[PDB]
Structures are given as structure tokens and as C-alpha cells.
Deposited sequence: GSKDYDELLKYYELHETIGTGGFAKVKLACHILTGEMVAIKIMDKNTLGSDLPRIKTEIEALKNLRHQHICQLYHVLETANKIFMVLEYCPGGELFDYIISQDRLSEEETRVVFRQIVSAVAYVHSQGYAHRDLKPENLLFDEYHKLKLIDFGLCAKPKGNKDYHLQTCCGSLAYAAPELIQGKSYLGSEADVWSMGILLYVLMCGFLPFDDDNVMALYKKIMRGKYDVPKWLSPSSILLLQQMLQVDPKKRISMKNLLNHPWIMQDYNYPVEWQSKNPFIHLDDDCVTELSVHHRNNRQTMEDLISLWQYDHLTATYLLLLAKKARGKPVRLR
């Protein structure tokens, strides 16, 4: 409805549609006070019913996962009929596009990308979650060519070609072991440009996945081949631990330090220039304003603070309209 938007258009001006998923439309928009571009995920609550609790788990998860390689949530706005999620804009497109335009990535370009994936998924597990839909369509590049993991609608506590054998059998599974399998599929796709398990017929592809045999192209280094085998194990108990992936020898090559998985931001002190400019727009003193930001309700103040922070990092004036 029109009233479903009046709160949102107080804070954002809508631009074009940039994407449409199952239950959601994603619009490019401009945060009015900072001028920063953002993506707004729009969902209609009536249209969704059974995955309405899915969205609440996605939102709860995104508020608990602040990380340099996880698409950052700025603002949650719920109305009578709508739920709006204001998110970090990723103009660089999907990892899918990068791969398909390059045909395939060299081992070096793969590891540049893969270390960022490992970074994000290890942090997700450290917070008690599992993604469960890891795939190149759910990994976007921002404008600095940094990867951002998206779509926690299927997160725990999927796309068939990336699903672990035990999920295809309808069996019990651990979320982290399923993420490691999917990351093994991702690493194959990065370096080959095609899937290790594929078939036009779904039952035939069920059987290929559970068997676990895949072609090994001649351009794969021996080291790449072994890491592929340690992640793509049909028995989830024999798949490499996330802990052992962080400083795996193939991961370390050309870097010599393990994957930094810890969040770079945490919940440190607030940036002084940001809270000062905020307080100049809010009829409150600085301490009161600092207290309000620390509640992190993902209202408009959370969004203004985080985007004024991003705009400061951009080298632009620390100013609001």
C-alpha cells in the first residue's frame, strides 16, 4: 500500500529495480541524509506466510553477522504489509558473472576469491550459524572488488548442484559440514567454469552427487586437486574441518598467513566525527546520541550512522543533508 512506503520515502529515494528473487524485490535507492546508495530488499508479508518466519531468521541472523565479507544490514523497517531491509550496495555484480565472463579463474585469482569466502563462512560458523545455500549467485562484489555473502533465508540456527549428499538423501546433517561441501563445489567452479556434478535429469544428478565422482581437468595443479578431495567427501565426517581450511597449505600459498576470519569492525567505540554530526541533526546532546546509537535497533539512526561511517571512509565530507 501507499502507507507502507511513507516511512521509507522519508529516508530513501527509490531508483530502479535491480533484481527479483522468489519472495523479494531488490531496489537501488539513495539514503537521503548522506547521499549514499543502498540496496533495499522489499517483501510483502501476506505473499509469504510459511517463509515469514524464514525472513525473521534471516533478519535476526544479519543483525548478528557484522563482517567485512557479509552484506551489511543497515535498516529494518516493517509496516502493516511490508518488510524493508536496507543493505550494503554491491555494484560489482554476482560471482557467477565474474566466473562466466572469464570462462574460469586461474588458481591465483581463485584463491583471492576463495580466501574471502572462507573468511565469511568461518565467521558465520563462529557465531553459531550455517549458511546452507553457498553458491556464486549468493556472493557479490562491491565497488572495491571485495566479496559479500548474501541471502541468509536458508540459514540454520538449497540449490541442488551445491547441496551435500546427505541433504539429497533427506538425512540428518550438520550445517557446517554442508557448508564445507558447497564450498568445495564453489572451488571447483571457480577453477573450471562448470559444475563437478551436473545433469539435465534431476534423478541422474542425485546419483552423481551421492556417488561423488567428478572429472579432474588437466589444468588443475596437484595441490588444487587434493584440497578438492578433502572438501568433496561424500561422508561428512571425513570432510576437512573449517579450522584446518583456515591455514591449509593451498590456502597459504602466495600469502603465508592464515585466512583472517574475525570481523574487522566489532562493537568498538563509535567514530567521534560521525556521532558529532549526527547529534547536530537530532535535538539531543552527544551522550544521549551516543547512547541511542549503541542500542543498534536497525532503525533509521543505525542506518544514518553506518552510512555516515561508510561515507567518511570514502574520503567525502562527514555531513548530513
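Visitor: Relative to the deposited sequence numbered from 1, which residue ranges are unmodelled?
Guide: Missing from the model is only the stretch 158-170.
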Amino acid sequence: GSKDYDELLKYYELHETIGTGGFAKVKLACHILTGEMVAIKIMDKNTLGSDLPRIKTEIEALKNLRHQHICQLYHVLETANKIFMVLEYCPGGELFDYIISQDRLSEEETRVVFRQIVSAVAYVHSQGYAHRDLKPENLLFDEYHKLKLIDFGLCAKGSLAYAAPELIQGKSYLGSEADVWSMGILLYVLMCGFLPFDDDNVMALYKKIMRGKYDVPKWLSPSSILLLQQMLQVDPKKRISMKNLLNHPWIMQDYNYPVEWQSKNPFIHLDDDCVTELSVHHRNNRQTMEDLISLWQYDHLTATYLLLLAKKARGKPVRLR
From here on, numbers count along this sequence of modelled residues.
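What we label the rigid core is the largest C-alpha set whose atoms superpose within 1.5 Å from one form to the other.
Visitor: Core-superposed in 6 other deposited structures of this protein, which stretch deviates more in Cα positions, 145-153 or 76-84?
Guide: Larger mean C-alpha displacement, comparing 145-153 and 76-84 in 6 other deposited structures of this protein, is found in 76-84.
Visitor: Say the other structures are aligned on the rigid core; which stretch then has the higher CA RMS in 6 other deposited structures of this protein, 162-170 or 187-195?
Guide: After superposing on the rigid core, the more displaced stretch in 6 other deposited structures of this protein is 162-170.
Visitor: Across the other PDB entries of this protein that were compared, is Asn64 absent from at least a third?
Guide: no, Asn64 modelled in all other entries.
Visitor: Please determine whether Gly22 lacks coordinates in at least a third of the other PDB entries of this protein that model its flanking residues.
Guide: Per the records, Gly22 goes unmodelled in at least a third of the other entries.
Visitor: Which is higher in the entry, the mean Cα B factor of 181-189 or that of 241-249?
Guide: Higher mean C-alpha B-factor in the PDB entry: 241-249.
Visitor: When the Cα temperature factors in the entry are averaged, is it 257-265 or 27-35 that ends up higher?
Guide: Higher mean C-alpha B-factor in the PDB entry: 257-265.
Visitor: Whose C-alpha has the highest temperature factor in the PDB entry: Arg111, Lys171, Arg132, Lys213?
Guide: Out of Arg111, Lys171, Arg132, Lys213, the record gives the largest C-alpha B-factor to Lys171.
Visitor: Highest Cα temperature factor in the entry, among the options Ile83, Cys90, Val86, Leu232: which one is it?
Guide: Among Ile83, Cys90, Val86, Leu232, the highest C-alpha B-factor in the entry belongs to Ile83.
Visitor: Should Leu9 be placed in the lowest, middle or highest third of its chain by the C-alpha B factor in the entry?
Guide: Highest third of the chain for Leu9's C-alpha B-factor.
Visitor: C-alpha B factor of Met203, ranked within the chain: lowest, middle or highest third?
Guide: Ranked within chain, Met203 CA B lands in the middle tercile.
Visitor: Sorting the chain's CA B-factors, does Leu65 end up in the lowest, middle or highest third?
Guide: According to the entry, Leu65 has a C-alpha B-factor in the chain's middle third.
Visitor: When the deposited Cα B-factors of this chain's modelled residues are ordered and cut into thirds, is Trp219 in the lowest, the middle or the highest one?
Guide: As the PDB entry reports it, the C-alpha B-factor of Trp219 lands in the highest third of its chain.
Visitor: Using the B-factors in the PDB entry, rank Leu306's C-alpha atom against the chain and give the third, lowest, middle or highest.
Guide: Lowest third.
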